[PDB]
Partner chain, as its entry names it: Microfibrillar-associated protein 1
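In structure tokens, one chain follows: the form solved without its partner chain.
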């Protein structure tokens, strides 16, 4: 199936990276028009085109837990596991705050503690306003640094449980660099 994690991908927190997202939420995403239309055939280098069109952050909303585009792209990234510097580039980008948010969440889901501290803590300096779609369908306003604070200190963001951070200096592929 085209919804299966790519074959070259390695495990994340000891499991399929897509499994970080609730099963019923994954099923809703797979069924969604956004996944079927915008996410179909999306490769690592193509994600940014869709990420640049994002207009808010969020998880799911409503009595049938409809996923946001933000959440759909997050799962797609979990599925195809982009090379690290793509994620870093999203984070470092200053023109598109939602691209920054998407990279930041993905980094929190997949990175080491060292990764998160290195790449996310500088974003505490970002006070820009962002739209967030809450469980009821409304759009609330928050700041980037608040989203970052939640990534670093909350249990859940965009309706995804944030995995236990790995303290130990750990690499998951042989060809990874050694900072």
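Numbering follows the first chain given and starts at 1. Shifts are known only where both forms have a C-alpha. Rigid core (definition): largest C-alpha set, two forms, superposition within 1.5 Å.
Note on 166-174 vs 13-21: mean CA B-factor is higher in 166-174.
In this entry, the higher average B-factor at the C-alpha atoms falls on 131-139, of the pair 111-119 and 131-139. Comparing C-alpha B-factors across 53, 150, 37, 126 in the deposited entry, the largest value falls on 37.
Per the PDB record, residue ranking by Cα B-factor puts residue 69 in the lowest third of the chain. In this PDB entry, residue 89 carries a Cα temperature factor that places it within the lowest third of its chain's modelled residues.
Quick note: we don't show the form deposited with its partner chain bound, though the next part is all about it.
Here the chain stands alone, but in the deposited complex its contact with its partner chain, taken as any heavy atom within 4.5 Å, falls in 137-145 among 31-39, 106-114, 47-55, 137-145.
Here the marked residues 124, 129 and 170 all reach its partner chain in the deposited complex, each with a heavy atom within 4.5 angstroms.
For the listed set 25, 165, 20, 9, the sole C-alpha moving 2 Å or more between the shown form and the other one on a rigid core superposition is that of 165. In comparison with the shown form, the Cα-Cα distance of residue 114 and residue 171 decreases by at least 3 angstroms in the deposited complex. The pair residue 118 and residue 171 approaches in the deposited complex: their C-alpha atoms are at least 3 Å nearer to each other than in the form depicted. Taking only residues common to both forms and fitting on the rigid core, the CA shifts of 2 Å or more between the shown form and the other one cluster into a single run of 3 or more residues at 165-176.
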